[PDB]
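Two separate entries follow, structure 1 and structure 2, each one form of the same protein chain as structure tokens.
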Structure 1
């Protein structure tokens, strides 16, 4: 009886912890924003805007690296071609 009751109290506490984290997530996705103040919404906005600047900068850096890698290979393949060109 006491083990059942302790087991239930544990389950309610974890249930409430999880529901709270589910609400936090919904807000990070831009949903269920009803409860939030102007200040809380501004705070999220600043966090999102900061993440987006960082994401964009890295996506561009991956594309510059990719492009740099392709130019390199293009040079190798063009001297390989002119070599075969003369050999034939």
Structure 2
């Protein structure tokens, strides 16, 4: 190979080890949410995680409920438009 070619290849290995460290740290935080590898956490950290996860669970349930209600309102609107569109049977006369 070449010297300048080694420096460019090893430079990529440097930014990969910067990204792998960022990925590993993200995967650590992700194991905690999901309730895994909880041992290293202090009872204060463990309490903070619980409050975060439950606030998050309350948000998502409220969102799934609102999303279902919005879908129901959208279908009733479509029904009213399809019925009043059907009533144009008045053309077929």
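Residues that one form lacks are left out of the comparison. The term rigid core refers to the maximal set of C-alpha atoms that superpose within 1.5 Å between the two forms. Positions refer to the first chain, counted from 1.
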Relative rigid-part rotation, degrees, compared between structure 1 and structure 2: 22
In Å, how far apart are the CA positions of residue 77 between structure 1 and structure 2 with the rigid core superposed? 15.8
By how many angstrom is the CA atom of residue 53 displaced between structure 1 and structure 2 after fitting on the core? 3.3
Residue 64: how large is its C-alpha shift between structure 1 and structure 2, with the rigid core as the superposition reference, in Å? 7.8
Rigid core aligned, which consecutive-residue runs (three or more long, every Cα at least 2 Å shifted) show up between structure 1 and structure 2? 51-88
